[PDB]
Structures are given as structure tokens and as C-alpha cells.
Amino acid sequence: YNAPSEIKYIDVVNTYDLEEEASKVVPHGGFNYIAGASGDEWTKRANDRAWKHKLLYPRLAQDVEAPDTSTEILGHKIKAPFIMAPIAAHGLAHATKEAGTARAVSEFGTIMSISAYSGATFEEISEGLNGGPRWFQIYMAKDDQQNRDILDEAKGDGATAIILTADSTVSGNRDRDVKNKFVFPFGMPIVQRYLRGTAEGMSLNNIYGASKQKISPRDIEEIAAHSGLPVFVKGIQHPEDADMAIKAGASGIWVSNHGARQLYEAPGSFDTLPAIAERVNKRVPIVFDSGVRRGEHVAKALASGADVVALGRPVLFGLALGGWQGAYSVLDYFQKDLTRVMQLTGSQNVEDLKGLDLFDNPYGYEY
């Protein structure tokens, strides 16, 4: 598998351009595993276009200067209101894999979420983190002792939160991967204990098939009880699931449609956030993902009831283009992009973003 290996900073004009730039250096199967989505990708497009539904106001004479992007979540002080989403198999994008990403996230000054489907070991990722905060994202085994073992290993590594991803009990209908007969070109060491052999050579379909299908609210209770860490439930698009998760002992709600990689013909993730936030009613923090590309998207999420957002495909494409420094350039971009938005919207700090008026655009994308 010919993953790129060059390490270098990159100029980011916008993150959209990074997709096509990455397509030229990443192998065809892996690239399309990363970039693609369910069906004909209408819900991926909806994730993007949802940002035009609520528009930002420039505000004038607001007595603002040098906006501050720092915030805090569950007692982590972070440099900007975003974190790194859990993403499988970073080796598809760059030879330095999750250790590359981890170094970038750490030196930038935010939180790394570690996928259970990582192609790096905890030891390898930890080398990249170099002390930096990490949250571990579990894809559950069917066997209870194996979940206890995985969670114990995650906690031993330093995780300060557990992310239960529950929107992938079976795979999405990912046409590109089907058409490409995509299989993983390397192992997944954290979960291989419950796979039939090694992830190498398996389809995602069958790896999710090995994970737990019959997730119930008791799993949230049990993960909380066992780990003693705050538990996020990830993949929420319906507000009743945020109330269920909280009542089952969740410490955070992670609004997401898995980057449109899961259920097809579903809403753009952003359009779901306000009802979710209204139901959460500030009981616990909210992480939002699925389609964040610009500082304006960071701002709009917060104004709509998120505390932080999670970043995904653009960081991975930066990773492809420049290893840890390319991924860092993308994080840096987002920080600067937000800073501009903060200044022009009249926002001095992060809490101010959460209070912004939004202009309703009933005409949608074509205006």
C-alpha cells in the first residue's frame, strides 16, 4: 500500500481544495474509503449545504479586538473550540498514520480521539501525543470481558473520556468501497482480539459485523460504571436519543451522522443540532460533527448549541499532504479562520459565539 510519506507544512486557502489535492497522492481504494459516503452521497452534500440554512451577521462597532478562541471541555483547556474526531486507519492517508495526527493535535493544543479501528497501537499513538490529552472511541465487542480489557487498556494509556460510537451497528451502503472492493491493507491491533484473524484483508462491513449489533442503553451504563470516565454517546441525530443517553449515565452528547458514511437519505447533521441542544437543555456538553469545513461552521455550531466541534476529513487530507505538519496546517487554518469570523461577528471569546443571532435562509443552497 503506497501511502504518502513526505512531511511538510502546507498553505491552506480553504479545506475544500484539500480533497482533490489529496486524491493525487493517496492510493485509489484508500482515498475513496476516506472521501466517500453512503449512496450517491446526497447526505454528504446535505451536511455541507446545511450551513447555508442559517447565515451569520456582520456586526459593527462591537468594541472587539484580538478574539480569544480558547475554551475548556470536561476540564481540558484547549486552544480553540474543536477537537479531532475519531477516525479509523490513518495509515491510508499517510505512512506516519495515527502517530502523525496525534503529534499535530497535541502540538496544536487540543484533544485527540483515538479510533478503536486505529491501525496504530496505543503505544505508537502515545509517542505522537507526547503527553497530550486523549479520549478513546470504542467499537464494542460482543464479549463483555473484551470490552473491559479494551477500556482498561484505553484508560491505562491515559484516556480521560470514552466515546461510544453507536451509529454503526452495521455498515452504511458505501458504494465507492463496494465498487472498489475495498479491504484494509493492514491490521487493527486494538480490536483484532474479536476479529476472525486480522483486519488486514477484511471489508469494513465484516469488521462492523464483528462489533456489537445489539447495543442498548445498558451498554452506556456499563461503560460508565466500568471505566469511571465520562462517556460521550456519538452518532445522535434524534433528540430522544440525547435524553436516553443522559438518563443512562452519559457525560456528553456527540451529535454526528458519521460524516454521512452511515444512514443514507437522512438530514444534514447541522439541521439536527438545535432540537438536540433544546432536549439536552445544558445538562451535559455537546460535541458536534459532520461537515465542518470553515471557521464560519465552527461559529454556527456553537451559536446553535454545541460547545465544541469535531474535525475529520480535512485533517486527514492535510495528513496525506504533509504528515504531522500538514495536519497541523489544517488545525492552524481553522484557528485563524475562526478568529476572523469572531472579529467580524462581534465575538470576543467562545461564549460570545454561543449567543449569536442567525439569519434564517428559507431558500436554501441556490438562494
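Residue numbers here begin at 1 and follow the sequence given.
Mean CA B-factor, 290-298 versus 185-193: the higher value falls on 185-193. Stretches compared: 262-270, 215-223. Higher mean C-alpha B-factor in the entry: 215-223. Of the candidates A327, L338, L55, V308, the deposited coordinates give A327 the top C-alpha B factor. Among all modelled residues in this chain, the alpha-carbon of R103 has a temperature factor (C-alpha) in the highest third. Among the modelled residues of its chain, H238 has a C-alpha B-factor that falls in the lowest third, as given in the PDB entry. Among the modelled residues of the chain, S171 sits in the lowest third by CA temperature factor in this PDB entry. The entry lists a Cα temperature factor for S203 that places it in the highest third of the chain's modelled residues. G228: CA B factor lies in the highest third for its chain, per the PDB record.
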